[PDB]
file target_8.csv (CSV, C-alpha atoms and all ligand atoms)
chain,number,residue,atom,x,y,z
A,702,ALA,CA,24.6,50.6,-57.5
A,703,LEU,CA,27.6,50.7,-59.9
A,704,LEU,CA,26.4,50.4,-63.5
A,705,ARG,CA,29.3,50.9,-66.0
A,706,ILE,CA,28.3,52.3,-69.4
A,707,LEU,CA,30.8,50.9,-71.8
A,708,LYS,CA,32.0,52.5,-75.0
A,709,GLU,CA,32.4,50.2,-78.1
A,710,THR,CA,36.2,51.0,-78.1
A,711,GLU,CA,36.6,49.6,-74.5
A,712,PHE,CA,35.7,46.0,-75.5
A,713,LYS,CA,36.2,43.7,-78.5
A,714,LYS,CA,34.3,40.6,-79.6
A,715,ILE,CA,36.6,37.6,-80.4
A,716,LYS,CA,34.4,34.5,-81.2
A,717,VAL,CA,30.8,33.3,-81.0
A,718,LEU,CA,30.0,31.0,-78.1
A,719,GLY,CA,26.3,30.4,-78.8
A,720,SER,CA,23.3,31.8,-80.8
A,721,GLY,CA,19.4,31.9,-80.5
A,722,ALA,CA,16.2,33.8,-80.9
A,723,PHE,CA,17.3,36.1,-77.9
A,724,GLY,CA,20.4,37.1,-79.8
A,725,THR,CA,24.1,36.0,-79.6
A,726,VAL,CA,26.8,35.3,-76.9
A,727,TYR,CA,30.4,36.3,-77.7
A,728,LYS,CA,33.7,35.6,-76.0
A,729,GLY,CA,35.5,38.9,-75.8
A,730,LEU,CA,38.1,41.1,-74.1
A,731,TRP,CA,37.6,44.3,-72.1
A,732,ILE,CA,40.0,47.1,-71.2
A,733,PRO,CA,38.3,49.3,-68.5
A,734,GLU,CA,38.5,53.2,-69.1
A,735,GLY,CA,41.2,54.2,-66.6
A,736,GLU,CA,42.9,50.8,-66.5
A,737,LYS,CA,45.7,49.1,-68.4
A,738,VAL,CA,44.4,45.5,-68.0
A,739,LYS,CA,42.7,42.9,-70.3
A,740,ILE,CA,39.7,41.1,-68.8
A,741,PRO,CA,38.1,38.1,-70.5
A,742,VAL,CA,34.4,38.8,-70.8
A,743,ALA,CA,31.2,37.2,-72.2
A,744,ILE,CA,29.1,39.6,-74.2
A,745,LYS,CA,25.4,39.0,-74.7
A,746,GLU,CA,24.1,41.0,-77.7
A,747,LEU,CA,20.3,41.1,-77.6
A,748,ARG,CA,18.1,41.2,-80.7
A,749,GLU,CA,17.4,44.8,-82.0
A,750,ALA,CA,13.9,46.5,-81.5
A,751,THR,CA,12.4,43.6,-79.5
A,752,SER,CA,11.6,45.8,-76.5
A,753,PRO,CA,9.5,48.9,-76.7
A,754,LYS,CA,11.6,50.6,-73.9
A,755,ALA,CA,13.7,53.7,-74.6
A,756,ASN,CA,17.4,53.6,-73.7
A,757,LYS,CA,16.7,55.5,-70.5
A,758,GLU,CA,14.2,52.8,-69.2
A,759,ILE,CA,16.6,50.1,-70.4
A,760,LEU,CA,19.3,51.7,-68.2
A,761,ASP,CA,17.0,51.7,-65.1
A,762,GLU,CA,16.5,47.9,-65.5
A,763,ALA,CA,20.3,47.4,-66.0
A,764,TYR,CA,20.9,49.5,-62.8
A,765,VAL,CA,18.8,47.0,-60.8
A,766,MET,CA,20.7,44.0,-62.3
A,767,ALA,CA,24.0,45.7,-61.3
A,768,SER,CA,22.7,46.5,-57.8
A,769,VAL,CA,22.6,42.7,-57.1
A,770,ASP,CA,26.5,42.9,-56.8
A,771,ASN,CA,25.9,44.7,-53.4
A,772,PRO,CA,26.4,43.1,-51.0
A,773,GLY,CA,26.7,40.1,-53.4
A,774,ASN,CA,26.6,36.3,-53.4
A,775,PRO,CA,29.1,33.8,-54.9
A,776,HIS,CA,26.3,32.0,-56.8
A,777,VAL,CA,24.9,34.9,-58.6
A,778,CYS,CA,26.5,36.4,-61.8
A,779,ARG,CA,27.8,40.0,-61.9
A,780,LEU,CA,26.8,42.5,-64.7
A,781,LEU,CA,30.1,44.2,-65.4
A,782,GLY,CA,28.6,46.8,-67.8
A,783,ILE,CA,26.2,47.6,-70.6
A,784,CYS,CA,26.7,49.0,-74.1
A,785,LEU,CA,23.7,50.6,-75.7
A,786,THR,CA,23.8,51.2,-79.5
A,787,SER,CA,21.0,49.9,-81.8
A,788,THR,CA,21.2,46.7,-79.7
A,789,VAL,CA,21.7,46.0,-75.9
A,790,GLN,CA,25.0,44.5,-75.1
A,791,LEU,CA,25.5,43.0,-71.6
A,792,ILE,CA,29.0,42.2,-70.3
A,793,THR,CA,30.1,39.7,-67.5
A,794,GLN,CA,33.2,37.7,-66.6
A,795,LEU,CA,33.7,34.8,-68.9
A,796,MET,CA,32.4,31.4,-67.3
A,797,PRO,CA,34.8,29.0,-69.2
A,798,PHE,CA,32.7,25.8,-68.7
A,799,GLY,CA,29.5,27.3,-70.2
A,800,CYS,CA,26.0,26.5,-68.7
A,801,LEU,CA,25.2,23.7,-66.3
A,802,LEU,CA,22.7,22.2,-68.8
A,803,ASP,CA,25.3,21.5,-71.5
A,804,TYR,CA,27.9,20.5,-68.8
A,805,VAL,CA,25.7,17.7,-67.4
A,806,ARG,CA,24.8,16.4,-70.9
A,807,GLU,CA,28.4,16.3,-71.9
A,808,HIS,CA,29.8,14.9,-68.6
A,809,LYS,CA,27.0,12.5,-67.7
A,810,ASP,CA,29.1,9.3,-66.8
A,811,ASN,CA,31.6,11.4,-64.7
A,812,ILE,CA,29.2,13.3,-62.4
A,813,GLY,CA,28.8,11.8,-59.0
A,814,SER,CA,26.1,12.4,-56.3
A,815,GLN,CA,28.4,14.9,-54.4
A,816,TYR,CA,28.4,17.2,-57.4
A,817,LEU,CA,24.7,17.1,-58.2
A,818,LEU,CA,23.7,17.8,-54.5
A,819,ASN,CA,26.3,20.6,-54.1
A,820,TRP,CA,25.0,22.3,-57.3
A,821,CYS,CA,21.4,22.1,-55.9
A,822,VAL,CA,22.6,23.9,-52.7
A,823,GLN,CA,24.5,26.5,-54.6
A,824,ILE,CA,21.5,27.3,-56.9
A,825,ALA,CA,19.2,27.6,-53.8
A,826,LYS,CA,21.8,29.9,-52.1
A,827,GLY,CA,21.8,32.2,-55.2
A,828,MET,CA,18.0,32.1,-55.5
A,829,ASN,CA,17.6,32.8,-51.8
A,830,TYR,CA,20.0,35.8,-52.2
A,831,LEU,CA,17.9,37.2,-55.1
A,832,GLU,CA,14.8,36.8,-52.8
A,833,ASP,CA,16.6,38.8,-50.1
A,834,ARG,CA,17.2,41.5,-52.8
A,835,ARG,CA,13.4,41.4,-53.6
A,836,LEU,CA,14.2,40.2,-57.2
A,837,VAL,CA,12.0,37.7,-58.9
A,838,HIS,CA,14.2,35.8,-61.6
A,839,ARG,CA,11.2,34.6,-63.8
A,840,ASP,CA,13.5,32.3,-65.9
A,841,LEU,CA,15.4,30.0,-63.6
A,842,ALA,CA,16.5,26.9,-65.7
A,843,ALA,CA,19.7,24.8,-66.0
A,844,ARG,CA,20.6,26.8,-69.1
A,845,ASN,CA,20.7,29.9,-66.8
A,846,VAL,CA,23.1,28.4,-64.4
A,847,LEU,CA,26.8,28.9,-65.4
A,848,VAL,CA,29.8,26.8,-64.5
A,849,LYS,CA,32.8,28.9,-63.2
A,850,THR,CA,34.5,25.7,-62.0
A,851,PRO,CA,32.8,22.2,-61.7
A,852,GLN,CA,32.4,22.8,-58.0
A,853,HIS,CA,31.2,26.5,-58.3
A,854,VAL,CA,28.0,27.4,-60.2
A,855,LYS,CA,26.3,30.9,-60.6
A,856,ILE,CA,22.8,32.0,-61.7
A,857,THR,CA,22.6,34.3,-64.7
A,858,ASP,CA,19.8,36.2,-66.6
A,859,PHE,CA,18.1,37.6,-63.5
A,860,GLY,CA,16.1,40.8,-64.5
A,861,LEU,CA,16.6,40.0,-68.3
A,862,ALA,CA,12.9,39.1,-68.6
A,863,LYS,CA,11.9,42.5,-67.1
A,864,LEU,CA,14.3,44.3,-69.5
A,865,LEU,CA,12.6,42.7,-72.5
A,866,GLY,CA,9.0,43.3,-71.4
A,878,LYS,CA,9.5,31.7,-76.7
A,879,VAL,CA,7.9,31.6,-73.2
A,880,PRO,CA,9.4,28.9,-71.0
A,881,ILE,CA,6.0,27.2,-70.1
A,882,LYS,CA,7.7,23.9,-69.1
A,883,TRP,CA,9.6,25.7,-66.2
A,884,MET,CA,6.7,28.0,-65.1
A,885,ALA,CA,4.4,27.5,-62.1
A,886,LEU,CA,0.7,27.0,-63.0
A,887,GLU,CA,-0.2,30.5,-61.7
A,888,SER,CA,2.4,32.1,-64.1
A,889,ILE,CA,1.0,30.1,-67.1
A,890,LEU,CA,-2.6,31.1,-66.3
A,891,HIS,CA,-2.3,34.6,-64.9
A,892,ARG,CA,1.3,35.8,-65.5
A,893,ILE,CA,1.8,35.9,-61.8
A,894,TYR,CA,5.5,35.9,-60.9
A,895,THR,CA,6.7,35.6,-57.3
A,896,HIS,CA,9.6,34.0,-55.4
A,897,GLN,CA,7.3,31.0,-54.9
A,898,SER,CA,6.9,30.6,-58.7
A,899,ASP,CA,10.7,30.7,-58.9
A,900,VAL,CA,10.6,27.7,-56.4
A,901,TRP,CA,8.6,25.8,-59.0
A,902,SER,CA,11.3,26.6,-61.7
A,903,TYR,CA,14.0,25.5,-59.2
A,904,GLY,CA,12.2,22.1,-58.9
A,905,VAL,CA,12.3,21.8,-62.7
A,906,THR,CA,16.0,22.8,-62.7
A,907,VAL,CA,16.8,20.1,-60.1
A,908,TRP,CA,14.9,17.6,-62.3
A,909,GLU,CA,17.0,18.6,-65.3
A,910,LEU,CA,20.2,18.0,-63.3
A,911,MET,CA,19.0,14.7,-61.9
A,912,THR,CA,18.1,13.4,-65.4
A,913,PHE,CA,21.5,14.7,-66.8
A,914,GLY,CA,19.9,17.3,-69.1
A,915,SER,CA,16.7,15.6,-70.2
A,916,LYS,CA,14.0,17.8,-71.7
A,917,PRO,CA,11.0,18.3,-69.4
A,918,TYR,CA,7.6,16.9,-70.7
A,919,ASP,CA,9.3,15.8,-74.0
A,920,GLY,CA,6.8,15.5,-76.9
A,921,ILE,CA,4.0,17.2,-75.0
A,922,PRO,CA,3.1,20.5,-76.7
A,923,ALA,CA,3.5,23.7,-74.6
A,924,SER,CA,-0.3,24.4,-75.1
A,925,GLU,CA,-1.2,21.2,-73.2
A,926,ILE,CA,1.1,21.8,-70.1
A,927,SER,CA,-1.5,23.7,-68.0
A,928,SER,CA,-4.2,21.1,-68.4
A,929,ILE,CA,-1.7,18.3,-67.7
A,930,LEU,CA,-0.7,20.1,-64.4
A,931,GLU,CA,-4.3,20.5,-63.4
A,932,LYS,CA,-4.8,16.6,-63.7
A,933,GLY,CA,-2.0,16.1,-61.2
A,934,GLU,CA,0.7,14.9,-63.6
A,935,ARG,CA,4.2,16.0,-62.7
A,936,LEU,CA,7.8,15.4,-64.0
A,937,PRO,CA,8.6,11.7,-63.5
A,938,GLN,CA,10.9,10.5,-60.7
A,939,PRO,CA,14.5,10.3,-62.2
A,940,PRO,CA,16.2,6.9,-62.0
A,941,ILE,CA,19.0,8.1,-59.7
A,942,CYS,CA,16.7,9.7,-57.1
A,943,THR,CA,15.6,8.1,-53.9
A,944,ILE,CA,12.0,9.0,-52.7
A,945,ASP,CA,13.6,11.6,-50.3
A,946,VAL,CA,15.0,13.7,-53.2
A,947,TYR,CA,11.9,13.3,-55.4
A,948,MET,CA,9.6,14.5,-52.6
A,949,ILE,CA,11.5,17.7,-52.4
A,950,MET,CA,11.1,18.4,-56.2
A,951,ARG,CA,7.4,17.3,-55.8
A,952,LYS,CA,6.8,19.9,-53.1
A,953,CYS,CA,8.2,22.6,-55.4
A,954,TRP,CA,5.3,21.7,-57.8
A,955,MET,CA,2.4,22.3,-55.5
A,956,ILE,CA,-0.7,24.3,-56.8
A,957,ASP,CA,-0.7,26.5,-53.7
A,958,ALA,CA,2.4,28.7,-54.0
A,959,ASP,CA,2.6,29.4,-50.2
A,960,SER,CA,2.8,25.6,-49.5
A,961,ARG,CA,5.9,25.2,-51.7
A,962,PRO,CA,9.3,25.2,-49.7
A,963,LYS,CA,11.3,28.4,-49.3
A,964,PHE,CA,14.8,28.7,-50.8
A,965,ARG,CA,16.1,29.0,-47.2
A,966,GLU,CA,14.5,25.5,-46.4
A,967,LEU,CA,15.8,24.0,-49.7
A,968,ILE,CA,19.3,25.1,-48.7
A,969,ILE,CA,19.0,23.1,-45.4
A,970,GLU,CA,17.4,20.0,-47.0
A,971,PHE,CA,19.9,19.7,-49.8
A,972,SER,CA,22.8,20.6,-47.4
A,973,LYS,CA,21.8,17.6,-45.2
A,974,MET,CA,21.8,15.3,-48.3
A,975,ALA,CA,25.1,16.6,-49.5
A,976,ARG,CA,26.7,15.4,-46.2
A,977,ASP,CA,25.8,11.8,-47.1
A,978,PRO,CA,25.2,11.8,-50.9
A,979,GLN,CA,25.3,8.1,-51.6
A,980,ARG,CA,22.2,7.7,-49.4
A,981,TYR,CA,20.1,10.1,-51.5
A,982,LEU,CA,21.4,9.6,-55.1
A,983,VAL,CA,22.2,6.1,-56.5
A,984,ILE,CA,24.7,6.6,-59.4
A,985,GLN,CA,26.8,3.9,-61.2
A,986,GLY,CA,30.4,5.1,-60.6
A,987,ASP,CA,30.0,6.4,-57.1
A,988,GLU,CA,31.1,2.9,-55.8
A,989,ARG,CA,34.7,4.1,-55.4
B,1,LIG,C1,23.9,26.7,-72.2
B,1,LIG,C2,24.7,28.0,-72.2
B,1,LIG,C3,23.8,29.1,-72.4
B,1,LIG,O1,22.7,28.9,-72.7
B,1,LIG,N1,24.3,30.4,-72.2
B,1,LIG,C4,23.4,31.5,-72.3
B,1,LIG,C5,24.3,32.6,-71.6
B,1,LIG,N2,24.1,33.8,-71.2
B,1,LIG,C6,25.3,34.3,-70.9
B,1,LIG,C7,25.4,35.7,-70.6
B,1,LIG,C8,24.5,36.4,-69.7
B,1,LIG,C9,24.6,37.7,-69.4
B,1,LIG,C10,23.6,38.3,-68.5
B,1,LIG,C11,22.3,38.7,-68.6
B,1,LIG,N3,21.8,39.2,-67.6
B,1,LIG,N4,22.8,39.2,-66.6
B,1,LIG,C12,22.7,39.6,-65.2
B,1,LIG,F1,22.0,38.8,-64.5
B,1,LIG,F2,22.2,40.9,-65.1
B,1,LIG,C13,23.9,38.6,-67.2
B,1,LIG,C14,25.2,38.4,-66.4
B,1,LIG,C15,25.7,38.4,-70.0
B,1,LIG,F3,25.9,39.7,-69.6
B,1,LIG,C16,26.6,37.8,-70.8
B,1,LIG,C17,26.4,36.5,-71.1
B,1,LIG,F4,27.3,36.0,-72.0
B,1,LIG,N5,26.2,33.3,-71.0
B,1,LIG,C18,27.6,33.4,-70.6
B,1,LIG,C19,28.5,32.6,-71.3
B,1,LIG,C20,29.8,32.5,-70.7
B,1,LIG,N6,30.1,33.2,-69.6
B,1,LIG,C21,29.2,34.0,-69.1
B,1,LIG,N7,27.9,34.1,-69.5
B,1,LIG,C22,25.6,32.2,-71.5
B,1,LIG,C23,25.7,30.7,-71.9
call {"tool": "encode", "arguments": {"input": "target_8.csv", "output": "structure tokens"}}
result
Amino acid sequence: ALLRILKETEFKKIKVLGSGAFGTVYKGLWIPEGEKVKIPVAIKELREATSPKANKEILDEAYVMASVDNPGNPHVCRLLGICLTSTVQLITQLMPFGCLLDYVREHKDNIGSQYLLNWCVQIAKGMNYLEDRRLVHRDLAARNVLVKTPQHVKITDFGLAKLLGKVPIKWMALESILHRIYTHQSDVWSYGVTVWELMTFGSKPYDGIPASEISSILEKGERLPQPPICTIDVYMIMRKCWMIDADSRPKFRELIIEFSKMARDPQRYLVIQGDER
């Protein structure tokens, strides 16, 4: 609804936060047009000439990403603006703790059951909000969940796949791998893989198995193994996210209720060394 087109003089890039095939993420500073205030931002500069869309069609996709701020949800990121030159530059408020994937890997022996279950609730609340806005994410993963504070996570990169036109096979539902079908139920599958990443403290799903063999392995009934800290109650919820029939998978609304019940008594559902305080 409110997409701000930023001029290159309004914002400055200070340092690189991370790189990749997608492009680069910078920690920067923004001074809005009719304002006298410095705002700490994160700038995602995408790789030039990847997408065949003209600047007008790129703007339409960015408008949709910006519309998500209305009415809004605390667990979904906010696109502050877009800068279109030879590359696409996306601007958001800086999340100082980075993504949830790096956070759980770096803080493994200090994360208790209360944290893991509350993050699952928060991710389902943000995903359920995107489903309310009729928006399919297409790339939900622990790398796409940002940490504002350890007790407040937000989903990022929604609509970024549609803007662009390595495929994340190990997070995709079987119907997305075989037919490129993307729905809110295929996002439920990716949510299950994201919960599995958190419960394993950042383990790589199907490690060693080539991406070309994932579809046949799923057709044989093989799923991600039960993480050591999970009880059968938690594992059964991730297992239901990985059903062949998309309509039989739980809804984000139901996942909020299930994980919310577990977060009320977390030591009963997750067994972690260090929670015996
Ligand atoms: C493990 C950390 C990691 O992998 N990061 C990747 C990443 N992306 C961003 C990021 C994302 C966006 C963006 C793209 N699409 N939308 C929205 F949904 F429409 C957004 C908000 C962006 F505009 C800038 C951007 F930097 N970050 C990041 C890093 C720090 N603070 C915020 N975002 C990361 C980290």
call {"tool": "residues_around", "arguments": {"input": "target_8.csv", "residues": "residue A:841", "least_positions_apart": "2", "cutoff": "12 Å", "atoms": "all atoms listed in the file", "output": "JSON, numbers by chain"}}
result
{"A": [777, 801, 802, 824, 825, 827, 828, 831, 837, 838, 839, 843, 844, 845, 846, 847, 855, 856, 857, 858, 859, 860, 861, 862, 880, 881, 882, 883, 884, 885, 894, 896, 897, 898, 899, 900, 901, 902, 903, 904, 905, 906, 907, 909]}
call {"tool": "closest_residue", "arguments": {"input": "target_8.csv", "among": "A:947, A:804, A:712, A:731", "to": "ligand LIG 1 (chain B)", "atoms": "all atoms listed in the file"}}
result
A:804
call {"tool": "residues_around", "arguments": {"input": "target_8.csv", "residues": "residue A:985", "least_positions_apart": "6", "cutoff": "12 Å", "atoms": "all atoms listed in the file", "output": "list in words"}}
result
residues 809, 810, 811, 812, 813, 814, 940, 941 and 979 of chain A
call {"tool": "closest_residue", "arguments": {"input": "target_8.csv", "among": "A:949, A:722, A:742, A:936", "to": "ligand LIG 1 (chain B)", "atoms": "all atoms listed in the file"}}
result
A:742
call {"tool": "closest_residue", "arguments": {"input": "target_8.csv", "among": "A:703, A:864, A:822, A:784", "to": "residue A:755", "atoms": "all atoms listed in the file"}}
result
A:864
call {"tool": "atom_distance", "arguments": {"input": "target_8.csv", "atom1": "atom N6 of ligand LIG 1 (chain B)", "atom2": "atom CA of residue A:743"}}
result
4.9 Å
call {"tool": "atom_distance", "arguments": {"input": "target_8.csv", "atom1": "atom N7 of ligand LIG 1 (chain B)", "atom2": "atom CA of residue A:769"}}
result
16.0 Å
call {"tool": "closest_residue", "arguments": {"input": "target_8.csv", "among": "A:750, A:766, A:732, A:911", "to": "ligand LIG 1 (chain B)", "atoms": "only C-alpha atoms and all ligand atoms"}}
result
A:766
call {"tool": "closest_residue", "arguments": {"input": "target_8.csv", "among": "A:765, A:702, A:715, A:791", "to": "ligand LIG 1 (chain B)", "atoms": "all atoms listed in the file"}}
result
A:791
call {"tool": "build_atoms", "arguments": {"input": "target_8.csv", "residues": "stretch 716-729 of chain A", "atoms": "N, CA and C atoms", "output": "mmCIF file, keeping the file's coordinate frame"}}
result
data_model
loop_
_atom_site.group_PDB
_atom_site.id
_atom_site.type_symbol
_atom_site.label_atom_id
_atom_site.label_comp_id
_atom_site.auth_asym_id
_atom_site.auth_seq_id
_atom_site.Cartn_x
_atom_site.Cartn_y
_atom_site.Cartn_z
ATOM 1 N N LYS A 716 35.096 35.634 -80.531
ATOM 2 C CA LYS A 716 34.400 34.500 -81.200
ATOM 3 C C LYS A 716 32.993 34.290 -80.674
ATOM 4 N N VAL A 717 32.130 33.639 -81.465
ATOM 5 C CA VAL A 717 30.800 33.300 -81.000
ATOM 6 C C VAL A 717 30.765 32.094 -80.159
ATOM 7 N N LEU A 718 30.101 32.166 -79.002
ATOM 8 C CA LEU A 718 30.000 31.000 -78.100
ATOM 9 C C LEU A 718 28.646 30.299 -78.306
ATOM 10 N N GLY A 719 27.586 31.030 -78.620
ATOM 11 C CA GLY A 719 26.300 30.400 -78.800
ATOM 12 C C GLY A 719 25.298 31.448 -79.425
ATOM 13 N N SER A 720 24.270 30.960 -80.119
ATOM 14 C CA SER A 720 23.300 31.800 -80.800
ATOM 15 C C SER A 720 21.836 31.423 -80.330
ATOM 16 N N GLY A 721 20.837 32.135 -80.841
ATOM 17 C CA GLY A 721 19.400 31.900 -80.500
ATOM 18 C C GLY A 721 18.495 32.938 -80.981
ATOM 19 N N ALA A 722 17.216 32.814 -80.592
ATOM 20 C CA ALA A 722 16.200 33.800 -80.900
ATOM 21 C C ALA A 722 16.426 35.113 -80.117
ATOM 22 N N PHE A 723 16.965 34.975 -78.869
ATOM 23 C CA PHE A 723 17.300 36.100 -77.900
ATOM 24 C C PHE A 723 18.391 37.006 -78.510
ATOM 25 N N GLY A 724 19.300 36.447 -79.301
ATOM 26 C CA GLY A 724 20.400 37.100 -79.800
ATOM 27 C C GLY A 724 21.674 36.248 -79.863
ATOM 28 N N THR A 725 22.855 36.784 -79.516
ATOM 29 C CA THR A 725 24.100 36.000 -79.600
ATOM 30 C C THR A 725 25.032 36.259 -78.400
ATOM 31 N N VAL A 726 25.798 35.235 -77.999
ATOM 32 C CA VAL A 726 26.800 35.300 -76.900
ATOM 33 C C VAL A 726 28.194 35.262 -77.523
ATOM 34 N N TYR A 727 29.046 36.226 -77.193
ATOM 35 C CA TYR A 727 30.400 36.300 -77.700
ATOM 36 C C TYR A 727 31.426 36.194 -76.588
ATOM 37 N N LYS A 728 32.587 35.623 -76.887
ATOM 38 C CA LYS A 728 33.700 35.600 -76.000
ATOM 39 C C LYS A 728 34.545 36.755 -76.394
ATOM 40 N N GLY A 729 34.795 37.679 -75.478
ATOM 41 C CA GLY A 729 35.500 38.900 -75.800
ATOM 42 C C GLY A 729 36.586 39.325 -74.823
#
